[PDB]
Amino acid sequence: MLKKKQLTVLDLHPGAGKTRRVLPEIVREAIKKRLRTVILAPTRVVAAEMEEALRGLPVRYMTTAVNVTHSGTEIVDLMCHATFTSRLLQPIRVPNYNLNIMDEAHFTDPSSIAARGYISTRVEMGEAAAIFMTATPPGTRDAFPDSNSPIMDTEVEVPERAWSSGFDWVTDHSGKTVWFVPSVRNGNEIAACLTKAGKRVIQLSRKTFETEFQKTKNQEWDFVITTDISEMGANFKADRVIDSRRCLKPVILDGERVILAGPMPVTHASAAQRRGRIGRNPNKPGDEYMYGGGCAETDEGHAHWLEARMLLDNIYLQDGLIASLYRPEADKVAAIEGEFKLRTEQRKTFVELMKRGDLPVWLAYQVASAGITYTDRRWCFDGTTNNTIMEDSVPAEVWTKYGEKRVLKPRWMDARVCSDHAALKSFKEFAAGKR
């Protein structure tokens, strides 16, 4: 695995011990061979789990999720997928890692896709080795992979709204259930209906995941209601998964706006990861997977692959060369390598709009490529009437940095900035000049 020019896909089934057994073996071999190594965790939660699995090995934890300060002598770095891509974009030295390990390497957030592109390009160039750890490599067609224990798979209608009757199987269960919903708003309605029926519910989404995930250990619960973020190595003591088999797809229309299309079917990889939350204990056979729809390859034309190209066009590789997407996922977007390469000052703007601005990649790119500076928020207010953002069926309003009340009407509309109350609150704060 550890030889230059090799990319290994460690595609053991879910719970086969890729993180807890195989990763520490790889790290011990890497240190023996003096390979400068990076380990990429999808989340802070997984970063903390890795520290436990690697405890006592010389690993630098480039994350505040782990309260160990680096001794200085480590040649193994551990950071999140997003942190890797972020450091590549910033005017900060990232070492030439000889060995690049990505855990949960199926993660389809733009920074993860970009990280795979950069790493796989380095391996193709003969510069490095890589290991991508995932039960579900890109374009897997198998939603029902092997498990540590037999799973009971049932195709069943799954509610996506509050229900009064017709779904007794949902609440008649005594065990713990992980329920995958297509969106935060959809989870909120299901969570409220379960709470009304006397159930204890924890909700997880990207913005809440570190804080809320701790509740699954610290409090008793009957249901976890989660978006797709729990596909990225989130482990639960559960005996049932309920899977809507639905997700939202960000889609760029006419190069000019992003909508959240769907809900629509998940990929086979997503379905397999959702199911793979259960069947993990060889001593507890007959965990249940209830699924409410089919799969489809809805990553085709999904904005995250175009966003990954926008990141990779803006990462230095060598002279004017630009990293390609990892070959198995490179057809998910129709893009020209280099089309989104920005001049130095616009690139800096692009980076800050993502890092400090917390804007989606696509929207950051529109603003930076227009020659707008990071603090210039006029574009938040000067869009067409149909770009008006609504809050409880009235236009959303903010006080501008000038102290004027204005309707929020961005020049470029990206539905992710108002997908839920928390998103819209953040975007209002941005439009107001508050970060």
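Sequential numbering from 1, following the sequence displayed. Just so we're on the same page, rigid core means the largest C-alpha set that superposes within 1.5 Å between forms.
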| property | result |
| --- | --- |
| More variable segment, 302 to 310 or 71 to 79 [Cα RMS over structures in 8 other deposited structures of this protein, core-superposed] | 71 to 79 |
| Of 18 to 26 and 412 to 420, the one with larger mean CA B-factor | 18 to 26 |
| Given 253 to 261 and 309 to 317, the range whose Cα B-factors average higher in the PDB entry | 253 to 261 |
| Highest-ranked of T134, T208, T227, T154 once sorted by CA temperature factor in the record | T208 |
| Criterion, highest CA B-factor; candidates, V38, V398, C380, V394 | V394 |
| Modelled-residue ranking by C-alpha temperature factor, third containing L359 | lowest |
| Third of the chain's Cα B-factor distribution that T177 belongs to, per the entry | lowest |
| Cα B factor band for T373 (lowest, middle or highest third within the chain) | lowest |
| Ranked against its chain, the third holding the CA B-factor of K341 | middle |
| Ranked against its chain, the third holding the CA B-factor of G187 | middle |
